[PDB]
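Colleague: I'd like to ask some things about the structure below.
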Amino acid sequence: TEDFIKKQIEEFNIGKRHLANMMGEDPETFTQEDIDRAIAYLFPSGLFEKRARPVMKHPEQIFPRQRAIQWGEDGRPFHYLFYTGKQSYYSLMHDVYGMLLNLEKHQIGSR
Amino acid sequence: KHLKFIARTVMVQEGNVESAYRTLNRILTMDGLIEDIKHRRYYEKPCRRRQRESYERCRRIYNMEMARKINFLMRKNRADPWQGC
């Protein structure tokens with residue numbers, strides 16, 4: 001939710017400034033690499049699985065992309081393909097099919 | 001009591017006895033003589049013969065109808081026209 005994520009982001013900024021101060025570095029130029037190095041030094045963890053070790057990443061990275069609400073206060077969904085249950089995928093397929101239709105009407109190192 | 005060398009007689013063309021024998025076997029199979037001999041080797045009791053004939057007729061009906069359906073739907077084997085939908 002927006003309130004939770006905003007609180008997490010502000011807390012992360014404040015903690016970033018505290019970490020810069022603790023390591024005696026400029027709060028403004030302190031980067032994600034500096035944060036990671038400082039956290040690694042302060043909390044040494046030999047656990048092989050890197051995901052298990054201490055981490056102070058941005059809340060955007062830490063938390064998953066929890067999807068927003070799809071219908072407003074009136075209960076009316078926003079995407080006309082909402083009831084398909086896969087609105088994003090089916091809208092993408094619809095766009096691709098429309099592009100193919102337009103092409104038909106008018107007429108290497110990448111995986 | 002019939003004239004010989006007229007019934008079930010095939011003239012081999014240019015010495016291809018393989019082809020001549022295959023054609024003769026096809027003729028006998030179409031006329032059903034091979035199946036007749038194979039069944040007549042041992043007596044087929046009338047009840048068993050009736051059951052086999054009924055089973056063969058049902059199998060023929062089902063297979064002919066299935067072939068009709070397959071041929072009728074063959075045209076629909078074409079590539080999907082509405083790909084993407």
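The way I read the labels, and the way they are meant: chains A, B, ... in the order of the structure tokens, residue 1 as the first residue of every chain, and ligand 1 as the first ligand shown, with later ones counted on from there.
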Taking only C-alpha atoms into account, what are the residues of chain B at most 12 Å from chain A, put as a VMD selection string?
Modeller: chain B and resid 81 to 85
Colleague: For segment 59-68 of chain A, work out the shell of residues within 9 Å, counting only C-alpha atoms and skipping chain neighbours fewer than 3 positions away, then give it as number ranges by chain.
Modeller: A: 1, 5-6, 8-9, 12, 55-56
Colleague: For the residues selected in the previous step, produce a file with N, CA, C and O atoms as a PDB file, in the first residue's frame.
Modeller:
ATOM      1  N   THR A   1       0.825  -1.202   0.000  1.00  0.00           N
ATOM      2  CA  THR A   1       0.000   0.000   0.000  1.00  0.00           C
ATOM      3  C   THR A   1       0.865   1.260   0.000  1.00  0.00           C
ATOM      4  O   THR A   1       2.019   1.239   0.440  1.00  0.00           O
ATOM      5  N   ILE A   5       4.497   1.940   1.830  1.00  0.00           N
ATOM      6  CA  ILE A   5       5.684   2.056   0.990  1.00  0.00           C
ATOM      7  C   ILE A   5       6.335   3.422   1.169  1.00  0.00           C
ATOM      8  O   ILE A   5       7.564   3.540   1.158  1.00  0.00           O
ATOM      9  N   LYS A   6       5.531   4.475   1.331  1.00  0.00           N
ATOM     10  CA  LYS A   6       6.091   5.802   1.559  1.00  0.00           C
ATOM     11  C   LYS A   6       6.815   5.866   2.897  1.00  0.00           C
ATOM     12  O   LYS A   6       7.899   6.457   2.997  1.00  0.00           O
ATOM     13  N   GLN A   8       8.224   3.365   4.384  1.00  0.00           N
ATOM     14  CA  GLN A   8       9.452   2.603   4.190  1.00  0.00           C
ATOM     15  C   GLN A   8      10.493   3.413   3.427  1.00  0.00           C
ATOM     16  O   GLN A   8      11.680   3.363   3.752  1.00  0.00           O
ATOM     17  N   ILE A   9      10.071   4.157   2.404  1.00  0.00           N
ATOM     18  CA  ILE A   9      11.023   4.928   1.611  1.00  0.00           C
ATOM     19  C   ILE A   9      11.634   6.048   2.444  1.00  0.00           C
ATOM     20  O   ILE A   9      12.848   6.287   2.395  1.00  0.00           O
ATOM     21  N   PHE A  12      14.018   4.546   4.825  1.00  0.00           N
ATOM     22  CA  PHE A  12      15.242   4.137   4.151  1.00  0.00           C
ATOM     23  C   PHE A  12      16.142   5.329   3.865  1.00  0.00           C
ATOM     24  O   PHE A  12      17.364   5.226   3.987  1.00  0.00           O
ATOM     25  N   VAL A  55      20.842  -6.911   4.338  1.00  0.00           N
ATOM     26  CA  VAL A  55      20.647  -6.061   3.171  1.00  0.00           C
ATOM     27  C   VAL A  55      19.847  -4.838   3.591  1.00  0.00           C
ATOM     28  O   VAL A  55      18.906  -4.938   4.383  1.00  0.00           O
ATOM     29  N   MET A  56      20.226  -3.682   3.050  1.00  0.00           N
ATOM     30  CA  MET A  56      19.539  -2.419   3.289  1.00  0.00           C
ATOM     31  C   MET A  56      19.214  -1.738   1.970  1.00  0.00           C
ATOM     32  O   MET A  56      19.429  -0.536   1.800  1.00  0.00           O
TER      33      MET A  56
END
Colleague: Identify all residues of segment 2-101 of chain A in helix (DSSP H, G or I) (DSSP on the backbone) and supply them as a ChimeraX atom specification.
Modeller: /A:2-22,32-42,50-52,59-62,82-84,87-101
Colleague: Of the residues B:2, B:8, B:76, B:60, which is the one nearest to residue 29 of chain B, using only C-alpha atoms?
Modeller: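 Distance minimum relative to residue 29 of chain B lands on B:8.
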Colleague: Quick one: residues within 12 Å of residue 43 of chain A, only C-alpha atoms counted, chain neighbours fewer than 5 positions away excluded, as a ChimeraX atom specification?
Modeller: /A:35-38,53-56
Colleague: What does the structure give for the distance between atom CA of residue 110 of chain A and atom CA of residue 88 of chain A, in Å to one decimal?
Modeller: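 Interatomic distance here is 24.0 Å.
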Colleague: Between A:109, A:15, A:72, A:24, which has the minimum distance to residue 58 of chain A (counting only C-alpha atoms)?
Modeller: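 When distances to residue 58 of chain A are compared using only C-alpha atoms, the smallest one comes from A:15.
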